[PDB]
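> missing the sequence, but the structure's below:
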């Protein structure tokens, strides 16, 4: 089997992307944030504290003939940005782009933090990291991909995120028309539960590529590219007027600047992020100061190849017995 679904930016900055997902019988379609940095599929629901719902579409398990309550089970998750959610657990039929998993754990939110409430466009998350990170207790549950894997034509999914445009998540096949040149594959460590890999270096604009190992995670659920302070400083030093602002929370630059590209290494191959992808717009409405899309990972504890990096590539998440990542230009 295979699946193919379009993913759409939630706003004009590509802050996140939403993908329609069918849950239950008859189908209830919710728009979920596919997150290769986590491993819970959780939704706003009929059980979510009413005051914490503001415009989201909810899953109502009592209207699904295939929903089953997982007796006694609970879940509770906290994300890197300080957001969180928690609740109880159903299993139900879940379909993505024509690919159906029966008995998928669908985690129903009883509580969500303010950032989730305040985002009316995201109806929940669909985790695509390794199932070892799943937060269901007492017994951890499998991700959608983990459950689908054996049935897929090939044990893979691909992320093809657009810049200020829709893109695609495919399951079970590689669309050879969706990228230029060849896909370079690189090793993955699953030790921390992420799609963790080692980039071979970087370049700033037209500068010569610096060969240096940068361990980090491929994370579709993180907006920006978070890299070591040395790398990030080297980038912003090439932008006139750029500076790190503790009050704003990162590097800012004059909105009139022409941003250089940023290149990261995948083995001997190179992915070039155009300068425009690094512009996240005015720090506040009407400001002539803009927020940068490459920021320091110091204090996160891990480097994160988020959407700013991933949307410059066609990315293969290879879930074979020994997982790997592939990157191609496009």
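Yep, that arrived. Numbers count the residues shown, from 1 in each chain.

> please count neighbours and contacts with C-alpha atoms only from this point.
OK.

> just the strands in the stretch 151-300 of the chain please.
Counting by DSSP state E, counting those that start in this stretch, one finds strands in the stretch 151-300 of the chain at the ranges 156-160, 167-171, 184-187, 196-204, 210-218, 225-227, 243-245, 250-254, 262-266, 269-273, 279-282, 289-292, 294-296.

> show me the contact partners of the fourth one.
The reference is to strand 196-204. Strand 196-204 has contacts (Cα atoms under 8 Å, 6 or more residues apart in numbering) with 186-190, 209-218, 231, 234-235, 238, 260-268, 325.

> dump the strands of the stretch 151-300 of the chain to JSON lines, plus distance to residue 7 and mean neighbour count.
JSON lines is the format used below for those (distance: least, Cα to Cα, whole Å; neighbours: other Cα atoms under 10 Å):
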{"stretch": "strand 156-160", "distance to residue 7": "9", "mean neighbour count": "22"}
{"stretch": "strand 167-171", "distance to residue 7": "5", "mean neighbour count": "21"}
{"stretch": "strand 184-187", "distance to residue 7": "24", "mean neighbour count": "17"}
{"stretch": "strand 196-204", "distance to residue 7": "23", "mean neighbour count": "22"}
{"stretch": "strand 210-218", "distance to residue 7": "17", "mean neighbour count": "18"}
{"stretch": "strand 225-227", "distance to residue 7": "19", "mean neighbour count": "23"}
{"stretch": "strand 243-245", "distance to residue 7": "32", "mean neighbour count": "15"}
{"stretch": "strand 250-254", "distance to residue 7": "28", "mean neighbour count": "21"}
{"stretch": "strand 262-266", "distance to residue 7": "24", "mean neighbour count": "22"}
{"stretch": "strand 269-273", "distance to residue 7": "20", "mean neighbour count": "20"}
{"stretch": "strand 279-282", "distance to residue 7": "20", "mean neighbour count": "20"}
{"stretch": "strand 289-292", "distance to residue 7": "23", "mean neighbour count": "22"}
{"stretch": "strand 294-296", "distance to residue 7": "23", "mean neighbour count": "25"}
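
> would you turn those into a markdown table with distance to residue 51?
A markdown table is the format used below for the strands of the stretch 151-300 of the chain (distance: least, Cα to Cα, whole Å):
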| stretch | distance to residue 51 |
| --- | --- |
| strand 156-160 | 34 |
| strand 167-171 | 33 |
| strand 184-187 | 45 |
| strand 196-204 | 37 |
| strand 210-218 | 34 |
| strand 225-227 | 33 |
| strand 243-245 | 34 |
| strand 250-254 | 32 |
| strand 262-266 | 43 |
| strand 269-273 | 40 |
| strand 279-282 | 30 |
| strand 289-292 | 32 |
| strand 294-296 | 34 |
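
> out of those, which comes closest to residue 83?
strand 225-227 (18.0 Å; Cα to Cα).

> paired strands for the closest one, with orientation please.
According to DSSP bridges, strand 225-227 has the following sheet partners: strand 294-296 (parallel), strand 304-305 (antiparallel).

> just the helices in the stretch 51-200 of the chain please.
Under the criterion DSSP state H, counting those that start in this stretch, the stretch 51-200 of the chain contains helices at 114-117, 144-148.

> so which of those helices is nearest residue 127?
When those are compared by Cα to Cα, helix 144-148 sits nearest residue 127, at 7.6 Å.

> just checking, what packs against the closest one?
Judged by 3 or more Cα pairs under 8 Å, 6 or more residues apart in numbering; DSSP states H and E, the packing partners of helix 144-148 are strand 99-112.

> the strand it packs on versus strand 167-171: what angle between them?
Orientation check (axes from the mean of the first three to the mean of the last three Cα atoms, to 10 degrees): strand 99-112 against strand 167-171 gives 120 degrees.

> quick one, domains of the chain?
5-174, 175-330 (curated CATH domains).

> who's in contact with the longest helix anywhere in the chain?
Looking across the chain with DSSP state H, the single longest helix is helix 229-236. Helix 229-236 has contacts (Cα under 8 Å, 6+ apart) with 202, 204, 242, 243, 251, 262, 294, 295, 296, 297, 298.

> and which of these is nearest residue 72?
For the contacts of helix 229-236, the nearest to residue 72 is residue 297 (37.8 Å; Cα to Cα).

> shouldn't the closest one be in contact with residue 216?
No. Using Cα atoms under 8 Å, residue 297 makes no contact with residue 216, being 9.9 Å away.

> now for these two: what residues contact both?
303, 304.

> hang on, the earlier thing: of the domains of the chain, flag the one that's most buried.
Of all these, domain 5-174 has the most neighbours on average by mean count of other Cα atoms under 10 Å, namely a mean of 20.

> return the distance of it from the chain's centre.
On the basis of Cα atoms, centre = their mean, to the nearest Å, domain 5-174 sits 12 Å off its chain's mean C-alpha point.
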